[PDB]
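Undergrad: Dumping the structure here so I can ask a few things about it.
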Amino acid sequence: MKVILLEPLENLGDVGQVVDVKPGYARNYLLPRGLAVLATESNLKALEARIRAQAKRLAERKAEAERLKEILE
RNA sequence: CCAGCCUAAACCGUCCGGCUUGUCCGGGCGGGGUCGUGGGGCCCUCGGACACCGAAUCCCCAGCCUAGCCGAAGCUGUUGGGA
Ligand SMILES: [Mg+2]
Ligand SMILES: [Mg+2]
Ligand SMILES: [Mg+2]
Ligand SMILES: [Mg+2]
Ligand SMILES: [Mg+2]
Ligand SMILES: [Mg+2]
Ligand SMILES: [Mg+2]
Ligand SMILES: [Mg+2]
Ligand SMILES: [Mg+2]
Ligand SMILES: [Mg+2]
């Protein structure tokens, strides 16, 4: 099973990552310990918006301090 | 004997709660949609309301069921316990 994991995990990967486990690992450890969540299409999508909306949250807090470079220099 | 229909999904509005507040995610209601000459969603351009079609639902009636009622035309002998 593939999960997205909410915490950097040794052999696995870092947070936010989507990785393939053996279900046993997922259903009996990852999932239970809340260290990861099911790669549901219902959640790969809930990652589209976590992804884009902290990317444009700085794909604009840079487009903003760019004027402080237009006239404060 | 005769007859065909409703939906799920995209898509839109909504209300609720979950939260890492996100143009999201999930659940509920509504709309939308229902097909194989493929169909629907969405986006463009066009004539449709007064078009007509129409129930398997509902309303009234007829008819029927559960009691009934009307209904024609004969009398005398005669054997016989009795016609
Ligand atoms: Mg196995
Ligand atoms: Mg969705
Ligand atoms: Mg979506
Ligand atoms: Mg419906
Ligand atoms: Mg949807
Ligand atoms: Mg919606
Ligand atoms: Mg309102
Ligand atoms: Mg409908
Ligand atoms: Mg009108
Ligand atoms: Mg009719």
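Following the order of the structure tokens, first chain is A, next is B, and so on, with residues numbered from 1 inside each chain and ligands from 1 in the order they appear.
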Up to 10 Å from chain B, what residues of chain A turn up? Count only C-alpha atoms (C1' of nucleotides) and give them as JSON, numbers by chain.

TA: {"A": [6, 42, 43, 45, 46, 47, 48, 49, 50, 51, 52, 53, 54]}

Undergrad: Dump N, CA, C and O atoms for the selected residues as a CSV table (one decimal), in the first residue's frame?

TA:
```csv
chain,number,residue,atom,x,y,z
A,6,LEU,N,3.3,11.7,7.7
A,6,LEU,CA,3.4,13.0,8.3
A,6,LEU,C,4.5,13.0,9.4
A,6,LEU,O,4.2,13.3,10.6
A,42,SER,N,-8.6,10.6,-2.4
A,42,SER,CA,-9.3,11.6,-1.6
A,42,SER,C,-8.2,12.4,-0.7
A,42,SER,O,-8.6,13.4,-0.1
A,43,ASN,N,-7.0,12.0,-0.8
A,43,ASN,CA,-5.9,12.6,0.0
A,43,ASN,C,-4.7,13.0,-0.8
A,43,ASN,O,-3.9,13.8,-0.4
A,45,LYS,N,-5.3,14.4,-3.3
A,45,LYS,CA,-5.9,15.6,-3.7
A,45,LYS,C,-5.8,16.6,-2.5
A,45,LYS,O,-5.4,17.8,-2.7
A,46,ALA,N,-6.0,16.2,-1.3
A,46,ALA,CA,-5.9,17.0,-0.1
A,46,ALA,C,-4.4,17.4,0.0
A,46,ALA,O,-4.0,18.1,1.0
A,47,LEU,N,-3.6,16.9,-0.9
A,47,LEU,CA,-2.1,17.2,-0.9
A,47,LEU,C,-1.8,18.1,-2.1
A,47,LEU,O,-0.9,19.0,-2.0
A,48,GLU,N,-2.6,18.1,-3.1
A,48,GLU,CA,-2.5,19.1,-4.2
A,48,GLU,C,-2.6,20.5,-3.6
A,48,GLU,O,-1.9,21.4,-4.0
A,49,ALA,N,-3.6,20.7,-2.7
A,49,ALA,CA,-3.9,22.0,-2.1
A,49,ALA,C,-3.0,22.4,-0.9
A,49,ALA,O,-2.8,23.6,-0.7
A,50,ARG,N,-2.5,21.4,-0.2
A,50,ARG,CA,-1.5,21.7,0.8
A,50,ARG,C,-0.2,22.1,0.1
A,50,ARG,O,0.5,23.0,0.5
A,51,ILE,N,0.1,21.4,-1.1
A,51,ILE,CA,1.3,21.7,-1.9
A,51,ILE,C,1.2,23.1,-2.5
A,51,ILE,O,2.1,23.9,-2.3
A,52,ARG,N,0.2,23.3,-3.4
A,52,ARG,CA,0.1,24.5,-4.1
A,52,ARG,C,0.0,25.8,-3.2
A,52,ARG,O,0.5,26.8,-3.5
A,53,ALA,N,-0.8,25.7,-2.1
A,53,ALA,CA,-1.1,26.8,-1.3
A,53,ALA,C,-0.1,27.2,-0.2
A,53,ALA,O,-0.5,27.9,0.7
A,54,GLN,N,1.1,26.6,-0.3
A,54,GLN,CA,2.2,27.1,0.5
A,54,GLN,C,3.3,27.4,-0.5
A,54,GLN,O,4.3,28.0,-0.1
```

Undergrad: Please check which protein, DNA or RNA residues sit within 10 Å of ligand 7, counting only C-alpha atoms (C1' of nucleotides) and all ligand atoms, and write them as a ChimeraX atom specification.

TA: /B:13-15

Undergrad: Would you output that residue set with N, CA and C atoms (P, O5', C5', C4', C3', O3' and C1' of nucleotides), as a PDB file, in the first residue's frame?

TA:
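Result written to selection_36.pdb:
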```pdb
ATOM      1  P     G B  13     -20.664  26.712  -7.023  1.00  0.00           P
ATOM      2  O5'   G B  13     -22.048  26.715  -6.230  1.00  0.00           O
ATOM      3  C5'   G B  13     -22.902  27.852  -6.260  1.00  0.00           C
ATOM      4  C4'   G B  13     -24.158  27.645  -5.440  1.00  0.00           C
ATOM      5  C3'   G B  13     -23.966  27.362  -3.953  1.00  0.00           C
ATOM      6  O3'   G B  13     -23.690  28.519  -3.175  1.00  0.00           O
ATOM      7  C1'   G B  13     -25.457  25.788  -4.819  1.00  0.00           C
ATOM      8  P     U B  14     -22.740  28.409  -1.881  1.00  0.00           P
ATOM      9  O5'   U B  14     -23.634  27.593  -0.848  1.00  0.00           O
ATOM     10  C5'   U B  14     -24.924  28.059  -0.476  1.00  0.00           C
ATOM     11  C4'   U B  14     -25.756  26.969   0.165  1.00  0.00           C
ATOM     12  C3'   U B  14     -25.238  26.414   1.485  1.00  0.00           C
ATOM     13  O3'   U B  14     -25.528  27.245   2.597  1.00  0.00           O
ATOM     14  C1'   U B  14     -25.907  24.630   0.081  1.00  0.00           C
ATOM     15  P     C B  15     -24.342  27.721   3.575  1.00  0.00           P
ATOM     16  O5'   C B  15     -24.705  27.008   4.955  1.00  0.00           O
ATOM     17  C5'   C B  15     -26.054  26.724   5.306  1.00  0.00           C
ATOM     18  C4'   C B  15     -26.170  25.392   6.009  1.00  0.00           C
ATOM     19  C3'   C B  15     -24.983  24.986   6.868  1.00  0.00           C
ATOM     20  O3'   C B  15     -24.977  25.596   8.142  1.00  0.00           O
ATOM     21  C1'   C B  15     -25.604  23.168   5.512  1.00  0.00           C
TER      22        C B  15
END
```

Undergrad: If we count only C-alpha atoms (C1' of nucleotides) and set the cut-off at 10 Å, which residues sit around segment 18-31 of chain A, ignoring sequence neighbours fewer than 3 positions away in its own chain? Please answer as a ChimeraX atom specification.

TA: /A:1-6,12-15,34-39,44

Undergrad: Counting only C-alpha atoms (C1' of nucleotides) and all ligand atoms, name the residues that have an atom within 12 Å of an atom of ligand 4; the answer should be given as a PDB file with N, CA, C and O atoms (P, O5', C5', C4', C3', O3' and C1' of nucleotides), in the first residue's frame.

TA:
```
ATOM      1  P     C B   6     -37.120   8.207 -15.431  1.00  0.00           P
ATOM      2  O5'   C B   6     -36.623   7.727 -14.000  1.00  0.00           O
ATOM      3  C5'   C B   6     -37.160   8.316 -12.827  1.00  0.00           C
ATOM      4  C4'   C B   6     -36.608   7.685 -11.577  1.00  0.00           C
ATOM      5  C3'   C B   6     -35.184   8.064 -11.202  1.00  0.00           C
ATOM      6  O3'   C B   6     -35.065   9.353 -10.622  1.00  0.00           O
ATOM      7  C1'   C B   6     -35.431   5.741 -11.004  1.00  0.00           C
ATOM      8  P     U B   7     -33.813  10.287 -11.013  1.00  0.00           P
ATOM      9  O5'   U B   7     -32.566   9.422 -10.536  1.00  0.00           O
ATOM     10  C5'   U B   7     -32.167   9.402  -9.170  1.00  0.00           C
ATOM     11  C4'   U B   7     -31.395   8.147  -8.835  1.00  0.00           C
ATOM     12  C3'   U B   7     -29.890   8.303  -8.675  1.00  0.00           C
ATOM     13  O3'   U B   7     -29.533   8.743  -7.374  1.00  0.00           O
ATOM     14  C1'   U B   7     -30.453   6.305  -9.881  1.00  0.00           C
ATOM     15  P     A B   8     -28.325   9.781  -7.161  1.00  0.00           P
ATOM     16  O5'   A B   8     -27.034   8.917  -7.550  1.00  0.00           O
ATOM     17  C5'   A B   8     -26.525   7.941  -6.649  1.00  0.00           C
ATOM     18  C4'   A B   8     -25.251   7.297  -7.146  1.00  0.00           C
ATOM     19  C3'   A B   8     -24.150   8.231  -7.601  1.00  0.00           C
ATOM     20  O3'   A B   8     -23.419   8.775  -6.528  1.00  0.00           O
ATOM     21  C1'   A B   8     -24.333   6.362  -9.061  1.00  0.00           C
ATOM     22  P     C B  29     -28.879  12.412   1.648  1.00  0.00           P
ATOM     23  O5'   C B  29     -29.453  13.888   1.474  1.00  0.00           O
ATOM     24  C5'   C B  29     -30.532  14.344   2.276  1.00  0.00           C
ATOM     25  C4'   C B  29     -30.970  15.738   1.896  1.00  0.00           C
ATOM     26  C3'   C B  29     -31.163  16.005   0.416  1.00  0.00           C
ATOM     27  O3'   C B  29     -32.353  15.466  -0.114  1.00  0.00           O
ATOM     28  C1'   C B  29     -29.965  17.787   1.353  1.00  0.00           C
ATOM     29  P     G B  30     -32.429  15.134  -1.685  1.00  0.00           P
ATOM     30  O5'   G B  30     -32.272  16.578  -2.365  1.00  0.00           O
ATOM     31  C5'   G B  30     -33.231  17.606  -2.138  1.00  0.00           C
ATOM     32  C4'   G B  30     -32.910  18.862  -2.915  1.00  0.00           C
ATOM     33  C3'   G B  30     -32.683  18.694  -4.407  1.00  0.00           C
ATOM     34  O3'   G B  30     -33.886  18.580  -5.139  1.00  0.00           O
ATOM     35  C1'   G B  30     -31.024  20.108  -3.501  1.00  0.00           C
ATOM     36  P     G B  31     -33.962  17.610  -6.419  1.00  0.00           P
ATOM     37  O5'   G B  31     -33.208  18.448  -7.545  1.00  0.00           O
ATOM     38  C5'   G B  31     -33.529  19.811  -7.771  1.00  0.00           C
ATOM     39  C4'   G B  31     -32.456  20.519  -8.561  1.00  0.00           C
ATOM     40  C3'   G B  31     -32.069  19.878  -9.878  1.00  0.00           C
ATOM     41  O3'   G B  31     -32.961  20.221 -10.919  1.00  0.00           O
ATOM     42  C1'   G B  31     -30.136  20.610  -8.688  1.00  0.00           C
ATOM     43  P     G B  32     -33.208  19.215 -12.139  1.00  0.00           P
ATOM     44  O5'   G B  32     -31.742  18.984 -12.720  1.00  0.00           O
ATOM     45  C5'   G B  32     -31.032  20.028 -13.374  1.00  0.00           C
ATOM     46  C4'   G B  32     -29.652  19.577 -13.787  1.00  0.00           C
ATOM     47  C3'   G B  32     -29.600  18.267 -14.562  1.00  0.00           C
ATOM     48  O3'   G B  32     -29.741  18.472 -15.957  1.00  0.00           O
ATOM     49  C1'   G B  32     -28.010  18.234 -12.782  1.00  0.00           C
ATOM     50  P     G B  33     -30.457  17.376 -16.874  1.00  0.00           P
ATOM     51  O5'   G B  33     -29.587  16.063 -16.607  1.00  0.00           O
ATOM     52  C5'   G B  33     -28.298  15.904 -17.198  1.00  0.00           C
ATOM     53  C4'   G B  33     -27.771  14.492 -17.034  1.00  0.00           C
ATOM     54  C3'   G B  33     -28.764  13.372 -17.299  1.00  0.00           C
ATOM     55  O3'   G B  33     -28.869  13.059 -18.677  1.00  0.00           O
ATOM     56  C1'   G B  33     -27.651  12.978 -15.245  1.00  0.00           C
ATOM     57  P     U B  34     -30.264  12.559 -19.289  1.00  0.00           P
ATOM     58  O5'   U B  34     -30.149  10.979 -19.153  1.00  0.00           O
ATOM     59  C5'   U B  34     -29.021  10.290 -19.682  1.00  0.00           C
ATOM     60  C4'   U B  34     -28.943   8.866 -19.186  1.00  0.00           C
ATOM     61  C3'   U B  34     -30.279   8.120 -19.111  1.00  0.00           C
ATOM     62  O3'   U B  34     -30.099   6.775 -19.560  1.00  0.00           O
ATOM     63  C1'   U B  34     -29.175   8.015 -17.034  1.00  0.00           C
TER      64        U B  34
END
```

Undergrad: What is the distance between atom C1' of residue 2 of chain B and atom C1' of residue 53 of chain B, in Å to one decimal?

TA: 19.4 Å

Undergrad: Taking the DSSP secondary structure from the backbone, can you list the residues of segment 31-70 of chain A that are helix (DSSP H, G or I), as a short mmCIF file (atom, residue, chain, number, x, y, z; two decimals) with N, CA and C atoms, in the first residue's frame?

TA:
```cif
data_model
loop_
_atom_site.label_atom_id
_atom_site.label_comp_id
_atom_site.auth_asym_id
_atom_site.auth_seq_id
_atom_site.Cartn_x
_atom_site.Cartn_y
_atom_site.Cartn_z
N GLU A 41 -7.03 8.62 -3.09
CA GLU A 41 -7.16 9.67 -4.08
C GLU A 41 -7.85 10.85 -3.42
N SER A 42 -8.62 10.56 -2.37
CA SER A 42 -9.26 11.60 -1.56
C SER A 42 -8.24 12.40 -0.74
N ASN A 43 -6.98 11.98 -0.78
CA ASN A 43 -5.95 12.60 0.04
C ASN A 43 -4.73 12.99 -0.77
N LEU A 44 -4.55 12.36 -1.92
CA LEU A 44 -3.53 12.83 -2.84
C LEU A 44 -3.97 14.20 -3.32
N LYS A 45 -5.28 14.37 -3.33
CA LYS A 45 -5.89 15.65 -3.66
C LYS A 45 -5.77 16.64 -2.51
N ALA A 46 -6.04 16.18 -1.29
CA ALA A 46 -5.86 17.03 -0.13
C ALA A 46 -4.38 17.38 0.04
N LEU A 47 -3.55 16.86 -0.87
CA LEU A 47 -2.14 17.20 -0.91
C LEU A 47 -1.82 18.15 -2.07
N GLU A 48 -2.61 18.06 -3.13
CA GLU A 48 -2.54 19.06 -4.19
C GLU A 48 -2.65 20.47 -3.63
N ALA A 49 -3.57 20.66 -2.68
CA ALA A 49 -3.87 21.98 -2.13
C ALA A 49 -2.99 22.37 -0.94
N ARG A 50 -2.47 21.38 -0.22
CA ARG A 50 -1.49 21.67 0.80
C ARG A 50 -0.21 22.09 0.07
N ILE A 51 0.06 21.43 -1.06
CA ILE A 51 1.25 21.71 -1.86
C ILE A 51 1.23 23.08 -2.53
N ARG A 52 0.23 23.30 -3.36
CA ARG A 52 0.12 24.54 -4.12
C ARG A 52 -0.02 25.79 -3.24
N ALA A 53 -0.77 25.66 -2.15
CA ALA A 53 -1.14 26.80 -1.31
C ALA A 53 -0.14 27.17 -0.21
N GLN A 54 1.05 26.59 -0.27
CA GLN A 54 2.16 27.09 0.53
C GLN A 54 3.28 27.40 -0.46
N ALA A 55 3.04 27.02 -1.71
CA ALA A 55 3.93 27.34 -2.82
C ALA A 55 3.59 28.71 -3.40
#
```

Undergrad: List as a PDB file with N, CA and C atoms (P, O5', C5', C4', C3', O3' and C1' of nucleotides), in the first residue's frame the protein and nucleic acid residues lying within 10 Å of ligand 5, with only C-alpha atoms (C1' of nucleotides) and all ligand atoms counted.

TA:
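What ended up in part10.pdb:
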```pdb
ATOM      1  P     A B   9     -22.861  10.266  -6.640  1.00  0.00           P
ATOM      2  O5'   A B   9     -21.870  10.167  -7.872  1.00  0.00           O
ATOM      3  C5'   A B   9     -20.673   9.426  -7.769  1.00  0.00           C
ATOM      4  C4'   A B   9     -19.837   9.577  -9.008  1.00  0.00           C
ATOM      5  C3'   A B   9     -19.732  10.989  -9.567  1.00  0.00           C
ATOM      6  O3'   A B   9     -18.756  11.783  -8.904  1.00  0.00           O
ATOM      7  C1'   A B   9     -20.290   9.495 -11.305  1.00  0.00           C
ATOM      8  P     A B  10     -19.073  13.316  -8.554  1.00  0.00           P
ATOM      9  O5'   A B  10     -18.475  14.083  -9.813  1.00  0.00           O
ATOM     10  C5'   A B  10     -17.285  13.634 -10.435  1.00  0.00           C
ATOM     11  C4'   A B  10     -17.221  14.063 -11.877  1.00  0.00           C
ATOM     12  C3'   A B  10     -17.337  15.565 -12.141  1.00  0.00           C
ATOM     13  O3'   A B  10     -16.099  16.257 -11.971  1.00  0.00           O
ATOM     14  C1'   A B  10     -18.695  14.327 -13.672  1.00  0.00           C
ATOM     15  P     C B  11     -15.989  17.537 -10.999  1.00  0.00           P
ATOM     16  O5'   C B  11     -17.187  18.459 -11.494  1.00  0.00           O
ATOM     17  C5'   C B  11     -17.192  19.000 -12.803  1.00  0.00           C
ATOM     18  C4'   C B  11     -18.461  19.758 -13.077  1.00  0.00           C
ATOM     19  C3'   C B  11     -18.929  20.705 -11.981  1.00  0.00           C
ATOM     20  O3'   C B  11     -18.199  21.922 -11.908  1.00  0.00           O
ATOM     21  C1'   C B  11     -20.753  19.425 -12.694  1.00  0.00           C
ATOM     22  P     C B  12     -17.883  22.583 -10.469  1.00  0.00           P
ATOM     23  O5'   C B  12     -19.288  23.216 -10.049  1.00  0.00           O
ATOM     24  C5'   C B  12     -19.759  24.403 -10.671  1.00  0.00           C
ATOM     25  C4'   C B  12     -21.204  24.703 -10.329  1.00  0.00           C
ATOM     26  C3'   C B  12     -21.509  25.080  -8.887  1.00  0.00           C
ATOM     27  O3'   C B  12     -21.110  26.393  -8.534  1.00  0.00           O
ATOM     28  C1'   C B  12     -23.131  23.560  -9.633  1.00  0.00           C
TER      29        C B  12
END
```

Undergrad: Tell me, in Å to one decimal, how far atom CA of residue 59 of chain A is from atom CA of residue 71 of chain A.

TA: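 Value for the atom CA of residue 59 of chain A-atom CA of residue 71 of chain A distance: 20.4 Å.
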